[PDB]
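**Q** Sharing run09.tsv below, TSV, C-alpha atoms:
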chain	number	residue	atom	x	y	z
X	22	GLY	CA	88.72	114.09	86.69
X	23	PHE	CA	90.39	111.37	88.68
X	24	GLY	CA	89.44	108.02	90.16
X	25	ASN	CA	89.50	106.41	93.60
X	26	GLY	CA	93.21	105.83	94.23
X	27	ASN	CA	95.90	108.15	92.87
X	28	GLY	CA	99.67	107.87	93.02
X	29	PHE	CA	101.69	109.81	90.53
X	30	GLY	CA	104.91	107.92	90.14
Y	22	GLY	CA	103.99	95.28	97.96
Y	23	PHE	CA	102.40	97.78	95.64
Y	24	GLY	CA	103.20	101.42	94.99
Y	25	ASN	CA	101.62	104.67	96.21
Y	26	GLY	CA	97.80	104.83	96.51
Y	27	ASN	CA	96.01	102.34	94.23
Y	28	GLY	CA	92.60	102.23	92.57
Y	29	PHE	CA	90.75	99.20	93.81
Y	30	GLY	CA	87.82	100.10	91.66
S	22	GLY	CA	84.38	103.84	87.11
S	23	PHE	CA	82.26	106.26	85.16
S	24	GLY	CA	83.11	109.41	83.31
S	25	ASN	CA	82.20	113.03	83.89
S	26	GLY	CA	78.77	113.38	82.30
S	27	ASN	CA	76.27	110.69	83.25
S	28	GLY	CA	72.59	111.44	83.47
S	29	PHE	CA	70.40	108.41	83.90
S	30	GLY	CA	67.23	110.37	84.18
I	22	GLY	CA	68.22	125.38	82.41
I	23	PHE	CA	69.70	122.06	81.40
I	24	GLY	CA	69.17	118.39	80.83
I	25	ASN	CA	69.50	115.54	83.30
I	26	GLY	CA	73.24	114.96	83.40
I	27	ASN	CA	75.67	117.81	82.96
I	28	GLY	CA	79.25	116.82	83.64
I	29	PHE	CA	81.14	120.07	83.29
I	30	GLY	CA	84.03	118.29	81.67
D	22	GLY	CA	108.67	105.10	96.15
D	23	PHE	CA	110.79	102.37	97.63
D	24	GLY	CA	109.12	99.12	98.50
D	25	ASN	CA	110.45	96.08	100.34
D	26	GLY	CA	114.01	95.68	101.58
D	27	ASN	CA	116.50	98.09	100.08
D	28	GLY	CA	120.05	97.55	98.85
D	29	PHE	CA	122.23	99.85	96.71
D	30	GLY	CA	124.84	99.89	99.38
L	22	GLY	CA	123.00	86.65	106.37
L	23	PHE	CA	122.83	87.74	102.77
L	24	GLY	CA	124.45	90.74	101.16
L	25	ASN	CA	123.09	94.23	101.69
L	26	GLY	CA	119.38	94.81	101.19
L	27	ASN	CA	118.17	91.37	100.14
L	28	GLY	CA	114.41	91.76	100.40
L	29	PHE	CA	112.37	88.59	100.19
L	30	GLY	CA	109.77	90.16	97.99
N	22	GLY	CA	92.23	123.84	81.67
N	23	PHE	CA	90.48	126.92	82.98
N	24	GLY	CA	91.75	130.44	82.42
N	25	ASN	CA	90.09	133.63	83.74
N	26	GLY	CA	86.51	134.83	83.30
N	27	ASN	CA	84.73	131.53	82.86
N	28	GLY	CA	81.23	132.14	84.26
N	29	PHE	CA	79.18	129.13	83.30
N	30	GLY	CA	76.19	130.17	81.30
R	22	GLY	CA	76.71	145.38	80.07
R	23	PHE	CA	78.93	142.34	80.33
R	24	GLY	CA	78.20	138.98	78.78
R	25	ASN	CA	77.77	135.51	80.25
R	26	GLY	CA	81.08	135.14	82.08
R	27	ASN	CA	84.35	136.88	81.25
R	28	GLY	CA	87.24	138.07	83.37
R	29	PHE	CA	90.35	139.89	82.40
R	30	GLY	CA	93.31	137.81	83.43
M	22	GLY	CA	97.12	133.80	85.35
M	23	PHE	CA	99.55	130.94	85.49
M	24	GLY	CA	98.34	127.38	85.52
M	25	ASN	CA	99.68	124.86	88.01
M	26	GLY	CA	103.38	124.58	87.22
M	27	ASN	CA	104.75	127.64	88.97
M	28	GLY	CA	108.19	126.94	90.35
M	29	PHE	CA	110.50	129.62	89.07
M	30	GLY	CA	113.20	128.00	91.09
G	22	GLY	CA	111.85	115.45	93.03
G	23	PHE	CA	112.33	116.37	89.37
G	24	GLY	CA	111.37	120.01	89.31
G	25	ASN	CA	110.71	122.98	91.58
G	26	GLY	CA	107.84	123.71	89.21
G	27	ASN	CA	105.42	120.87	89.92
G	28	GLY	CA	101.83	120.97	88.72
G	29	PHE	CA	100.16	117.89	87.36
G	30	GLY	CA	97.13	118.04	85.11
B	22	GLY	CA	117.67	123.97	93.53
B	23	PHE	CA	120.25	121.24	93.18
B	24	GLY	CA	119.23	118.03	91.49
B	25	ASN	CA	119.72	114.59	92.97
B	26	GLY	CA	123.30	113.47	92.25
B	27	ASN	CA	125.29	116.66	92.74
B	28	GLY	CA	128.49	116.01	94.77
B	29	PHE	CA	130.90	118.92	94.20
B	30	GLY	CA	134.24	117.21	94.48
U	22	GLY	CA	131.24	105.17	101.03
U	23	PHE	CA	132.52	107.25	98.13
U	24	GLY	CA	132.29	110.94	97.19
U	25	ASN	CA	132.03	113.65	99.82
U	26	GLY	CA	128.34	114.08	99.10
U	27	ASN	CA	126.26	111.01	98.26
U	28	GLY	CA	122.56	111.38	97.54
U	29	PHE	CA	120.52	108.25	97.30
U	30	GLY	CA	117.09	108.31	95.80
P	22	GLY	CA	101.17	144.75	85.92
P	23	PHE	CA	99.57	146.62	83.08
P	24	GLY	CA	99.98	148.89	80.18
P	25	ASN	CA	99.45	152.50	81.21
P	26	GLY	CA	96.34	153.23	79.12
P	27	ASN	CA	93.57	150.64	79.29
P	28	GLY	CA	89.87	150.98	78.60
P	29	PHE	CA	87.86	147.99	79.75
P	30	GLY	CA	84.97	149.27	77.71
V	22	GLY	CA	122.01	133.22	89.27
V	23	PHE	CA	119.88	135.99	87.86
V	24	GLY	CA	120.38	138.62	85.23
V	25	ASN	CA	119.88	142.36	85.46
V	26	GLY	CA	116.14	142.74	84.91
V	27	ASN	CA	113.40	140.16	84.73
V	28	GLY	CA	109.67	140.34	84.15
V	29	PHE	CA	107.95	137.04	84.72
V	30	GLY	CA	105.13	137.42	82.24
A	22	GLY	CA	57.61	102.07	81.20
A	23	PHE	CA	60.81	100.38	82.29
A	24	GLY	CA	62.22	97.09	83.44
A	25	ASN	CA	60.47	95.57	86.46
A	26	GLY	CA	63.50	96.57	88.51
A	27	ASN	CA	66.84	97.65	87.09
A	28	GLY	CA	70.45	98.44	88.05
A	29	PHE	CA	73.21	100.29	86.23
A	30	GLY	CA	76.56	99.70	87.86
C	22	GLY	CA	74.89	85.42	92.29
C	23	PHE	CA	73.17	88.64	91.38
C	24	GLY	CA	74.64	92.12	91.53
C	25	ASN	CA	72.20	94.99	91.21
C	26	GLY	CA	69.05	95.53	89.19
C	27	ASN	CA	66.94	92.43	89.52
C	28	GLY	CA	63.37	93.70	89.32
C	29	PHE	CA	61.79	90.29	89.08
C	30	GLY	CA	59.23	89.33	86.51
W	22	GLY	CA	80.50	94.13	89.52
W	23	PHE	CA	82.45	91.56	91.48
W	24	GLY	CA	81.84	87.97	92.50
W	25	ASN	CA	80.92	87.18	96.10
W	26	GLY	CA	84.57	86.43	96.76
W	27	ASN	CA	87.54	88.62	95.82
W	28	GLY	CA	90.67	89.18	97.92
W	29	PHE	CA	92.12	91.95	95.80
W	30	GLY	CA	95.41	90.55	94.58
T	22	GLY	CA	95.27	76.39	101.13
T	23	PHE	CA	93.93	79.36	99.24
T	24	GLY	CA	94.50	83.08	98.71
T	25	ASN	CA	91.71	85.28	100.01
T	26	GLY	CA	89.71	85.10	96.81
T	27	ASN	CA	87.18	82.76	98.44
T	28	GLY	CA	83.42	83.13	98.39
T	29	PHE	CA	81.96	79.98	96.95
T	30	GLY	CA	80.38	79.31	93.62
H	22	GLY	CA	100.76	84.67	100.06
H	23	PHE	CA	102.34	81.26	100.06
H	24	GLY	CA	102.20	77.67	101.20
H	25	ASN	CA	101.95	77.43	104.98
H	26	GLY	CA	105.55	76.33	105.53
H	27	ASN	CA	108.03	78.93	104.25
H	28	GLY	CA	111.81	78.94	104.17
H	29	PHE	CA	113.96	80.84	101.68
H	30	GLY	CA	116.76	80.63	104.16
F	22	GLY	CA	115.76	66.42	108.91
F	23	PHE	CA	115.11	69.40	106.69
F	24	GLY	CA	115.28	73.17	106.57
F	25	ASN	CA	112.43	75.35	107.83
F	26	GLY	CA	110.17	75.22	104.79
F	27	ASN	CA	107.62	72.77	106.19
F	28	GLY	CA	103.99	73.21	105.21
F	29	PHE	CA	102.82	69.66	105.65
F	30	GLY	CA	100.94	70.26	102.45
K	22	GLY	CA	70.70	75.91	96.10
K	23	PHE	CA	73.23	73.23	96.95
K	24	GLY	CA	72.99	70.15	99.11
K	25	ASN	CA	71.96	68.65	102.44
K	26	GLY	CA	75.34	68.75	104.18
K	27	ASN	CA	78.45	70.55	102.97
K	28	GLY	CA	82.08	70.31	103.98
K	29	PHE	CA	83.25	73.87	103.56
K	30	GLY	CA	86.70	73.02	104.73
Z	22	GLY	CA	90.64	66.45	105.90
Z	23	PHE	CA	93.39	63.86	106.05
Z	24	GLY	CA	91.53	60.65	106.73
Z	25	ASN	CA	92.42	58.91	109.96
Z	26	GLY	CA	94.97	60.11	112.49
Z	27	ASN	CA	98.53	60.61	111.29
Z	28	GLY	CA	101.41	60.52	113.74
Z	29	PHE	CA	103.13	63.37	111.97
Z	30	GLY	CA	106.77	62.74	112.65
Let me see whether you can do it: turn the structure in this file into structure tokens.
**A**
Amino acid sequence: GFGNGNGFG
Amino acid sequence: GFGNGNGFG
Amino acid sequence: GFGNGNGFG
Amino acid sequence: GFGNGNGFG
Amino acid sequence: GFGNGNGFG
Amino acid sequence: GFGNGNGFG
Amino acid sequence: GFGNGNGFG
Amino acid sequence: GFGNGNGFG
Amino acid sequence: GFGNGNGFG
Amino acid sequence: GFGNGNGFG
Amino acid sequence: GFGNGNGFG
Amino acid sequence: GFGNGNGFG
Amino acid sequence: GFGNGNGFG
Amino acid sequence: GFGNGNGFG
Amino acid sequence: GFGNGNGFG
Amino acid sequence: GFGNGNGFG
Amino acid sequence: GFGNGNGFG
Amino acid sequence: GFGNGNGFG
Amino acid sequence: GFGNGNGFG
Amino acid sequence: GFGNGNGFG
Amino acid sequence: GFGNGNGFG
Amino acid sequence: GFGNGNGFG
């Protein structure tokens, strides 16, 4: 899955 | 100063 | 910080 | 049934 | 996206 | 003043 | 990465 | 008479 | 079915 | 932006 | 859908 | 200042 | 949509 | 534009 | 049957 | 300092 | 797993 | 002075 | 951050 | 007599 | 675990 | 933290 903070670009 | 949502672990 | 499958048990 | 830690990937 | 003060034109 | 968009970073 | 008809055993 | 988990798109 | 990229335009 | 079809991961 | 830098002259 | 349509970012 | 003749079993 | 007949999948 | 007191982080 | 699992002797 | 003091960048 | 990375020792 | 007195201009 | 960058150390 | 009088400053 | 009194000026 994905971690705490997510920004894609 | 940083980008979109960041992973401060 | 940890991956998908994690079973301390 | 299963084991202790089953991360469905 | 865009960060601190901005200048293309 | 500076030129356009001179962000002190 | 799922597709249809995945009923976990 | 179906198996564990299957679904027809 | 389709997966997540579903913009035909 | 980029595409109308936008599905990540 | 028109991309970013279009500008019909 | 330059083309009829200008699209920034 | 589907092919006219279809036996699911 | 779009052609005469089209059958997304 | 284990350490006096443990931690996993 | 100490963090987390410090079951003391 | 961090020291008593951290100001995160 | 000091950046906020200050808990001591 | 920076030193307490700041002047870039 | 100086600019405004005056921290006094 | 440190001394009698400290100058935290 | 700067010894005796300084007539800053």
**Q** Could you work out how far CA of residue 26 (chain R) lies from CA of residue 25 (chain I), giving the answer in Å with one decimal?
**A**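 A separation of 22.8 Å between them.
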**Q** Record the distance separating CA of residue 24 (chain P) and CA of residue 23 (chain N), expressed in Å with one decimal.
**A**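 Answer for the CA of residue 24 (chain P) to CA of residue 23 (chain N) separation: 24.1 Å.
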**Q** Calculate, to one decimal in Å, the centre and edge lengths of the box along x, y and z of the file that holds all listed atoms of region 24-28 of chain X with 5 Å of margin on each side, and present them as lines of an AutoDock Vina configuration file.
**A**
center_x = 94.6
center_y = 107.0
center_z = 92.2
size_x = 20.2
size_y = 12.3
size_z = 14.1
**Q** Have a look at CA of residue 30 (chain D) and CA of residue 28 (chain H) and let me know their distance in Å, one decimal.
**A** 25.1 Å
